[PDB]
């Protein structure tokens, strides 16, 4: 009944995921938990999620037990639960394009030789591989995706590298009978969706949005890495913010009579945990597809849990389709 999970990139998101499973390890499956569609997704309780392997390139992570690696190097997300030794030692994966200038100047790459990822996946009997590679790691993400396909392991693509949403890659998974949920994991409530909802509000109520500004500040490596009319994008890295992300947004519009109507807000979130619940749902959905031997992109799951899914669908419809998929 377990879901054997392997993690690529033991960063802040990996930390929120491992801690998250620990946090809700004893949750009642008849109750509702924030950030999770179901404490028990299909047959899988959160506790059924077992971490059996992990890959990284940082000297302070490779060779260390997963339980330590999640709190090492630049990892700095909020600690919600203690994580006992897992006995899972982080292995050396191929760096490829996963480490940009800012990262390289911040960490030291492990001296260990990159292992044979496909063999590593098979030896660990992994069911689902979750990829947390830094933004821009196209070669690296596609490399890991390929290993997953070759090892017959389901893939959950958490970063904005088009794989599940690239017909070419969708076909590779389909033909191999390997499931994939992916291309940019969603956050529960982040700046993007908040701005979308409000912009829609203006529009639906007849208020013309003339100008908009979105300033984002954070203090983690994901933010640092991304640093490397309408305005939007990472603004400034603020060390003491750690894994938190603050969004300062201003909407300026005109209502009846061209009368000015403004709205300014600040959204405060802990970035990584904002997606841990979503990932946990993705992981189990990918597991279910695998139990059924259905390869290719898991359509309902990707539409509801990812920002760049194979096929676009309204959230509620995507949600309903995902609920049907679960029941099977």
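Positions refer to the first chain, counted from 1.
Missing coordinates between residue 228 and residue 229 amount to 10 or more residues of the deposited sequence. As listed in the deposited structure, the average C-alpha B-factor of 103-111 and of 127-135 is greater for 103-111.
Higher mean CA temperature factor between 243-251 and 162-170: 162-170, per the PDB entry.
Sort the chain's modelled residues by C-alpha temperature factor and residue 213 lands in the highest third, per the entry. The PDB entry assigns residue 146 a C-alpha temperature factor belonging to the highest third of its chain's modelled residues. For residue 258, the recorded CA B-factor ranks within the lowest third of the chain. Only modelled residues enter the ranking. In the PDB entry, a CA B factor belonging to the highest third of its chain's modelled residues is recorded for residue 43. Among all modelled residues in this chain, the alpha-carbon of residue 73 has a temperature factor (C-alpha) in the middle third.
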